[PDB]
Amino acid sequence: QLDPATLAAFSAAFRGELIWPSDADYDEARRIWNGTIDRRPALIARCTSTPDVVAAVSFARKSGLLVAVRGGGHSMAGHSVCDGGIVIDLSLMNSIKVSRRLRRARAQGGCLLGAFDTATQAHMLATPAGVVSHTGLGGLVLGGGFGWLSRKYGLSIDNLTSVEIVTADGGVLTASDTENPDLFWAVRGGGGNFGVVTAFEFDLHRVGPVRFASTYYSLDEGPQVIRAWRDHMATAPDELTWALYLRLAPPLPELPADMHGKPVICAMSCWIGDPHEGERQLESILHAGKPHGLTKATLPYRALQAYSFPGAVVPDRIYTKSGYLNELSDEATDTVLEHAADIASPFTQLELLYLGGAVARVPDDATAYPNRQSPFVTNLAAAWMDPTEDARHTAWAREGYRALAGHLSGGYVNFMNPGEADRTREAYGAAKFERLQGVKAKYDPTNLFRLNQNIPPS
């Protein structure tokens, strides 16, 4: 419990909504996407403006509260809710200003991808982000951020030009290439370690309809499909994006009844460019195996962003183990095929992603984001509903990771699970981590922002 004078000064200065443990909406407001994370904050501060974040940050500093920051709540490590502290909740700060003439967007730190993509696509514009519309822009960008447009236009952070950020001392800074560039380097891949970003400014690109295809392959054909994918993507043009999701076949009308609920490869591909060139490019990779339940469409980019994933049935409980690879050996391929065959939940996916492209043409040290040179990402994304089944699904993710871990290097900070705080050094590597620690010593010396993949100062 808190100082009255400190709390009263906070309440007068705070324009947003405060949510106490006794309030009706406390239980829904403290839930985040990873439902296995059950925590009880002392206070949830729903900010509506940059002055609100300044007041909440100062309040937390003086009062000694543990600080959780929440954008869209999608932390796979559960960092956006704390026990006994304050949640600086940005979900009500989701305004977007788009300039069609300048090809610029200014978005508040609480935006969801779908709101952002709606605003830019009102002008046939877009900039890279993740593939699920209700992910938060805040956490996604600060870790790097990749999706459909990334092989063509880079990570989200490769299109970011400045941020407004509230630092631990309550001061509001602007960071960019011309102002506080040490800070600007660190927020592009260093997470929420350095303060609360209340505004992101992006460069946008013209993105009209995209030819898109999704289809399913029998695991019978697993070896030939994954090897075709790995070989083709090594030399594919930047305009082609092709991703593999190993999962149980959803009970959908386009799929034969005898495939429902059985392990399959779900392959999703799109061409960022001319749709007629796209139709020719996709037809030539869709028949690596016999395609079942093939869906082909020419979609507005916003509808591509909203498509993922097939089945659309939001899971309650999640556990992820992820890593990068430099190559995908035959030994690795048979390992992922064997564990795909043991998937138990219809909501679990073993994701095989290929980045590279424009992501890999940015020099390594240009941003805080690591592993630009590793084009492969594997993600064992277990998801389920029943809390008494946690061990079964968590064990699938862990045993698959361990069987693969020798082939893996690094790790995407935004795919880390609640027990992977120790993976931070191996994620960034030694030189980036050390540079990150020096920025942290300058801007967050007391480590006030430690619910993240944390970088201790000095």
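C-alpha atoms forming the largest set that superposes within 1.5 Å between two forms make up the rigid core. Residue indices: 1-based, along the sequence shown.
Superposing the other copies on the rigid core and comparing 91 to 99 to 305 to 313, farther C-alpha placement in 6 other deposited structures of this protein marks 305 to 313. Look at the C-alpha B-factors of 7 to 15 and of 435 to 443. On average they run higher in 7 to 15. In this crystal structure, the stretch out of 359 to 367 and 135 to 143 whose C-alpha atoms carry the higher mean B factor is 359 to 367. In the PDB entry, the Cα temperature factor peaks, among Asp238, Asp177, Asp274, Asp117, at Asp177. The residue among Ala45, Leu65, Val413, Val69 whose C-alpha carries the highest B-factor in the deposited model is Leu65. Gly154: CA B factor lies in the lowest third for its chain, per the PDB record. Remark: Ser284 belongs to the highest third of its chain, ranked by C-alpha B-factor as recorded. Residue-level temperature factors show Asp386 in the highest third of its chain, judged at the C-alpha atom. Ranked within its chain, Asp203 lands in the lowest third, by CA B factor from the PDB record. Per the PDB record, residue ranking by Cα B-factor puts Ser80 in the lowest third of the chain.
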